[PDB]
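Trainee:
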Amino acid sequence: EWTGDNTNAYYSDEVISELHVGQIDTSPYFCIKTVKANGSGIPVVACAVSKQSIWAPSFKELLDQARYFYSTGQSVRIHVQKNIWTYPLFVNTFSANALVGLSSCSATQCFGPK
Amino acid sequence: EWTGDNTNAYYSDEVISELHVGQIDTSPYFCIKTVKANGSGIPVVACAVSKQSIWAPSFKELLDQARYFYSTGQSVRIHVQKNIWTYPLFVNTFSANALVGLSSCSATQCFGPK
Amino acid sequence: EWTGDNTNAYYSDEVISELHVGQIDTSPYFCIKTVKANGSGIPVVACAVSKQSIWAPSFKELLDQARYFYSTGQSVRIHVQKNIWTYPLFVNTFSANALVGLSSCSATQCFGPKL
Amino acid sequence: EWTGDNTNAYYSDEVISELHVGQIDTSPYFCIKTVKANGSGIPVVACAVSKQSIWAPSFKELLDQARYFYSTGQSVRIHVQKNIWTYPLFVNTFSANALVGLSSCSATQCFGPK
Amino acid sequence: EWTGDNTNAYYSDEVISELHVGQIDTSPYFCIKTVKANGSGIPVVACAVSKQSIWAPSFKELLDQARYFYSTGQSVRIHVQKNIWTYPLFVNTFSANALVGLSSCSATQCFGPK
Ligand SMILES: CC(=O)N[C@@H]1[C@@H](O)[C@H](O[C@@H]2O[C@H](CO)[C@H](O)[C@H](O[C@]3(C(=O)O)C[C@H](O)[C@@H](NC(C)=O)[C@H]([C@H](O)[C@H](O)CO)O3)[C@H]2O)[C@@H](CO)O[C@H]1O
Ligand SMILES: CC(=O)N[C@@H]1[C@@H](O)[C@H](O[C@@H]2O[C@H](CO)[C@H](O)[C@H](O[C@]3(C(=O)O)C[C@H](O)[C@@H](NC(C)=O)[C@H]([C@H](O)[C@H](O)CO)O3)[C@H]2O)[C@@H](CO)O[C@H]1O
Ligand SMILES: CC(=O)N[C@@H]1[C@@H](O)[C@H](O[C@@H]2O[C@H](CO)[C@H](O)[C@H](O[C@]3(C(=O)O)C[C@H](O)[C@@H](NC(C)=O)[C@H]([C@H](O)[C@H](O)CO)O3)[C@H]2O)[C@@H](CO)O[C@H]1O
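Protein chains in written order, with the deposited numbering: chain C, 24 to 137; chain A, 24 to 137; chain B, 24 to 138; chain D, 24 to 137; chain E, 24 to 137.
The structure is reproduced here in structure tokens:
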């Protein structure tokens, strides 16, 4: 598996605008929300769950990087894999997207797979 | 179990006004005080105890995130489980609430379960 | 044991003015110096030593919190247990106080145990 | 082995301009892009992959340090070992370079091996 | 052994002016250069190596603390033990000093052993 696989999805020129942390089924987790820097479109919601999904190993790295980008407000590309989380109240609160990568963007390009 | 279970309680549009770290019965713990951003109402007090309860795996994640929202003074929703801690002077000094989650509320609604 | 046991000691409305990191007898340790915000009294010194004393599990947490409070310079309540470290040159330079807790304070009250 | 081995390569007076985090084959990884501080030259790209290559022990240290130098935009020397990652798509997106060290540079000199 | 031992050396009112991180013989390491805050004297260079010397257990604490004092530019007392590192090319790039302590200072008074 790889962040860059074309079976994942991504959204460029987004800014992390909200951040949540909690626990589910003994697993710490966090979710983020991103919105287009230019105000268009609809928000992206993704979560990482510390001991769930193939993406479990990068939980801490993605949490630290999400916090960094959240506090700077900079434009990023968010990479997710859709339809991973299944608990209905959780999905309805947040989404089913697993968070699989974050890429800083310049005004012209984003530094990550495309 | 989940931060968002309806057996837990939450308070929206709060700010983290105080933070304390200590140790009890060989376990690191922290507690936070929150108050409504607009000044109304009464404070909320909650603690996490590193080695205790089903919420123990989330101790570090919650301490890190509590420190961040405390340093910004931004609006948050705090999620708690009532009536778990037992040592009477600890309960009386702080509370029996376990901290089970923290959501940012930078928008109309808080980014978390309700 | 508990940070708030009345056999421990505490000092309210203190500013963490200095911070030191070193190693003693295989253990990383740190010490802080604190002074009353209002300028009165004498400094308090206290140290935490990794894997030594009953307070060892809280070492990393205390160091991170002490760093944060040092960087802001805000008024805090410092909680210690007296007469813990016995290395005589170490005590002479710093003290025998084990750091056991740190509480933020508003101008009117500190968020931590008293008595 | 050593960062400073002459079989490694290094580029002086660079700025870390972009940062990416993701996961590959169970390994969280990060990549950085750097450019000459004066605006000349061609970018350098390098990645560190957790639990992969002889450089795995230093993964967290290099991630923390690259985050710091990325946040200050200060001039640095980046040290790499070439032709380490073999996944062709990954190499094509990023580089085959393993990141092996980072040195601050003054106006006069870089504080590291040459 | 103690940071404050007779047989160690120290240099007061110094500013961390450079920082480097790398790896050697499977061990991550970092080095710092310091200069007198008032501009006098000759630089000091010291390194810490995670799996080596009797000071190995304090590697992470000293790295974190060096980073913090580096980022603020404030005046410190640096404590070293001479003649520790042995790989000649390493000593030639940096020095043989093992880093063994950091003490903050104020107006020509440092909080550490003298
Ligand atoms: C920017 C915007 O909201 N709307 C359109 C825009 O769709 C369109 O071109 C876009 O230009 C941006 C600049 O980086 C991107 O290149 C868009 O491609 C991607 C993206 O990177 O965001 C690629 C990606 O595969 C898509 N993801 C999915 C699941 O389909 C996303 C996604 O559709 C959007 O990001 C969601 O808003 O788009 C690229 O489409 C230009 C017309 O050229 O006009 C803007 O206003
Ligand atoms: C509710 C509304 O649409 N408009 C206002 C509103 O400003 C306010 O009501 C409170 O506003 C917030 C909106 O962010 C919440 O909806 C409050 O409900 C909760 C809360 O989220 O804080 C729900 C939660 O279940 C409750 N917890 C418990 C244990 O009961 C808390 C709690 O009761 C209070 O937070 C304690 O202060 O409230 C909602 O009450 C009021 C202000 O008077 O006026 C509406 O018109
Ligand atoms: C007025 C002006 O800017 N002239 C530059 C000229 O200075 C520059 O030469 C480079 O000068 C810097 C000074 O720090 C270095 O000494 C360069 O040497 C190295 C480097 O440290 O970057 C050595 C290194 O071994 C080389 N790496 C490899 C794999 O060979 C690199 C590498 O060639 C360059 O960094 C790539 O740009 O150079 C020294 O080359 C040159 C190039 O920057 O351009 C003039 O305009």
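Each residue gets a CB set at the ideal place from its N, CA and C atoms; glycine is no exception.
Taking 8 Å as the threshold (C-beta atoms), are residue 128 (chain A) and residue 99 (chain A) in contact?
Mentor: Within the second sequence, numbered from 1, the residue matching residue 99 (chain A) stands at position 76. Within the second sequence, numbered from 1, the residue matching residue 128 (chain A) stands at position 105. A contact, by the Cβ cut-off of 8 Å.
Trainee: Residue 120 (chain C): buried (16+ other C-beta within 10 angstroms of its C-beta) or exposed?
Mentor: Within the first sequence, the letter at position 97 stands for residue 120 (chain C). When all chains shown are included, residue 120 (chain C) counts as buried.
Trainee: Sort A:130, A:82, A:84 and A:125 by Cα distance to residue 31 (chain A) and report the nearest one.
Mentor: As a working mapping, residue 31 (chain A) is identified with position 8 in the second sequence. Of the candidates A:130, A:82, A:84 and A:125, the one whose C-alpha sits nearest the C-alpha of residue 31 (chain A) is A:125.
Trainee: Run through the DSSP bridge pairs and tell me what residue 46 (chain B) is partnered with.
Mentor: In the third sequence, residue 46 (chain B) corresponds to position 23, counting from 1. B:51.
Trainee: Kindly say whether residue 25 (chain E), judged by its beta-carbon, lies nearer than 8 Å to any beta-carbon of chain B.
Mentor: Here the question's residue 25 (chain E) lines up with position 2 in the fifth sequence. At least one chain B Cβ lies under 8 Å of residue 25 (chain E).
Trainee: Among B:45, B:70 and B:63, whose alpha-carbon lies nearest the alpha-carbon of residue 71 (chain E)?
Mentor: In the fifth sequence, residue 71 (chain E) corresponds to position 48, counting from 1. Comparing Cα positions, the closest option is B:45.
Trainee: Can you grab the Cα-Cα spacing for the pair residue 27 (chain E) / residue 76 (chain B), in whole Å?
Mentor: Your numbering for residue 27 (chain E) matches position 4 in the fifth sequence. Your numbering for residue 76 (chain B) matches position 53 in the third sequence. Roughly 21 Å between the two C-alpha positions.
Trainee: If the cut-off is 8 Å on Cβ atoms, which residues from the region 35-46 of chain A count as contacting chain B, listed in chain order?
Mentor: Answer set for the region 35-46 of chain A: 40, 41, 42, 43, 44, 45 and 46.
Trainee: Could you check whether the region 74-88 of chain A touches the region 40-58 of chain A, counting it as contact only if at least three pairs of C-beta atoms, one from each stretch, sit closer than 8 Å?
Mentor: The region 74-88 of chain A, when compared against the region 40-58 of chain A, does touch it at the 8 Å Cβ threshold.
Trainee: For residue 94 (chain A), which three-state DSSP category applies?
Mentor: Locating residue 94 (chain A) in the second sequence gives position 71, counting from the first residue. Looking at residue 94 (chain A) - three-state DSSP - the assignment turns out to be helix.
Trainee: Step through the CB atoms of chain D and report whether any lies within less than 8 Å of the CB of residue 76 (chain E).
Mentor: The residue you call residue 76 (chain E) lines up with position 53 of the fifth sequence. Not closer than 8 Å to any Cβ of chain D, the Cβ of residue 76 (chain E) fails to qualify, so no.
Trainee: I need the boundaries of the alpha helix (DSSP H) containing residue 125 (chain A), first residue and last residue.
Mentor: The residue you call residue 125 (chain A) lines up with position 102 of the second sequence. No alpha helix (DSSP H) contains residue 125 (chain A), which is instead part of the beta strand (DSSP E) from 121-127.
Trainee: With DSSP run on the structure shown, which of helix, strand or coil describes residue 40 (chain B)?
Mentor: On the third sequence, residue 40 (chain B) is found 17 positions in, with the first residue counted as 1. Looking at residue 40 (chain B) - three-state DSSP - the assignment turns out to be strand.
Trainee: Mind listing, in chain order, the residues whose beta carbon lies closer than 7 Å to a non-hydrogen atom of ligand 3?
Mentor: In chain order, the qualifying residues are D:32, D:33, D:34, D:35, D:36, D:59, D:61, D:63, D:64, D:100, D:133 and D:137.
Trainee: Listed from N- to C-terminal order along the chain, which residues in the region 107-132 of chain A have their beta-carbon within a distance smaller than 9 Å of any beta-carbon of chain C?
Mentor: Correct list: 123, 124, 125, 126, 127, 128, 129 and 130.
Trainee: Cβ closer than 7 Å: which chain D residues qualify as neighbours of residue 51 (chain E)?
Mentor: As a first step, residue 51 (chain E) must be located in the fifth sequence, where it is residue number 28. Neighbours of residue 51 (chain E) on chain D, chain order: 80, 81 and 84.
Trainee: With C-beta atoms as the reference, is residue 113 (chain E) less than 8 Å away from residue 68 (chain E)?
Mentor: Locating residue 113 (chain E) in the fifth sequence gives position 90, counting from the first residue. Locating residue 68 (chain E) in the fifth sequence gives position 45, counting from the first residue. No.
Trainee: Can you have a look at residue 135 (chain B) and say buried or exposed, based on whether 16 or more other CB atoms are within 10 angstroms of its CB?
Mentor: Looking up residue 135 (chain B) in the third sequence gives position 112. So residue 135 (chain B) ends up on the buried side.
Trainee: Just tell me which of C:74, C:29, C:56 and C:60 has its CA closest to the CA of residue 66 (chain C).
Mentor: Indexing the first sequence from 1 puts residue 66 (chain C) at position 43. It is C:56.
Trainee: With DSSP run on the structure shown, which of helix, strand or coil describes residue 76 (chain D)?
Mentor: Along the fourth sequence, one-based indexing puts residue 76 (chain D) at 53. Residue state, collapsed to three classes: coil.
Trainee: Could you tell me if the beta carbon of residue 131 (chain B) falls within a distance shorter than 7 Å of some heavy atom in ligand 4?
Mentor: In the structure on display, ligand 4 does not appear, and the ligands it does have are ligand 1, ligand 2 and ligand 3.
Trainee: Which one or two residues does DSSP pair with residue 103 (chain B) in a beta bridge?
Mentor: Within the third sequence, residue 103 (chain B) is the residue found at index 80, counting from 1. Residue 103 (chain B) is bridged to B:32 and B:122.
Trainee: Using a Cβ-Cβ distance under 8 Å, would residue 97 (chain D) count as near chain E?
Mentor: Sequence index remark: in the fourth sequence, residue 97 (chain D) carries index 74 (1-based). Output row for residue 97 (chain D): interface = no.
Trainee: Have a look at residue 34 (chain C) and residue 64 (chain C) and give me their C-alpha separation to the nearest angstrom.
Mentor: Along the first sequence, read from residue 1 onward, the residue named residue 34 (chain C) stands at position 11. Along the first sequence, read from residue 1 onward, the residue named residue 64 (chain C) stands at position 41. Computed Cα separation, rounded: 11 Å.
Trainee: When the distance is taken between beta carbons, is residue 24 (chain B) closer than 8 Å to residue 144 (chain B)?
Mentor: This structure leaves residue 144 (chain B) out entirely; chain B is present only between 24 and 138.
Trainee: Based on Cα-Cα distance, which residue from D:91, D:74, D:81 and D:51 lies nearest to residue 73 (chain C)?
Mentor: Residue mapping note: residue 73 (chain C) aligns to position 50 of the first sequence, counting from 1. The option with the nearest alpha carbon to residue 73 (chain C) is D:51.
Trainee: Given that a residue counts as buried once 16 or more other Cβ atoms are within 10 Å of its Cβ, and exposed if not, what is residue 138 (chain B)?
Mentor: Against the third sequence, residue 138 (chain B) aligns to sequence position 115. With fewer than 16 Cβ atoms within 10 Å of its Cβ, residue 138 (chain B) is classed as exposed.
Trainee: With a Cβ-Cβ cutoff of 8 Å, do residue 49 (chain B) and residue 80 (chain E) count as a contact?
Mentor: Taking the third sequence and counting its residues from 1, the one referred to as residue 49 (chain B) is at position 26. Taking the fifth sequence and counting its residues from 1, the one referred to as residue 80 (chain E) is at position 57. Yes.
Trainee: Would you kindly check if the distance between the Cβ of residue 92 (chain D) and the Cβ of residue 39 (chain D) is under 8 Å?
Mentor: Taking the fourth sequence and counting its residues from 1, the one referred to as residue 39 (chain D) is at position 16. Taking the fourth sequence and counting its residues from 1, the one referred to as residue 92 (chain D) is at position 69. It is a contact, given that the beta carbons lie within the stated cut-off.
Trainee: Residue 136 (chain D) versus chain E: which residues are under 7 Å apart at the beta carbon?
Mentor: Against the fourth sequence, residue 136 (chain D) aligns to sequence position 113. By Cβ distance, chain E contributes 116.
Trainee: Suppose you measure from the CA of residue 133 (chain D) to the CA of residue 54 (chain E); what does that come to, to the nearest Å?
Mentor: Position 110 of the fourth sequence, counting from 1, holds the residue named residue 133 (chain D). Position 31 of the fifth sequence, counting from 1, holds the residue named residue 54 (chain E). The straight-line gap from Cα to Cα measures roughly 12 Å.
Trainee: Pick from A:94, A:62, A:105 and A:90: whose alpha carbon is nearest that of residue 123 (chain A)?
Mentor: By one-based count along the second sequence, residue 123 (chain A) stands at place 100. It is A:105 whose Cα lies nearest to the Cα of residue 123 (chain A).
Trainee: Reducing DSSP to helix, strand and coil, say where residue 130 (chain D) ends up.
Mentor: Sequence index remark: in the fourth sequence, residue 130 (chain D) carries index 107 (1-based). Three-state DSSP puts residue 130 (chain D) in coil, outside helix and strand.
Trainee: Compare the Cα-Cα distances from residue 107 (chain E) to each of E:61, E:96 and E:78 and report the closest residue.
Mentor: To locate residue 107 (chain E), count along the fifth sequence from 1; it is residue 84. Closest option to residue 107 (chain E), Cα to Cα, is E:78.
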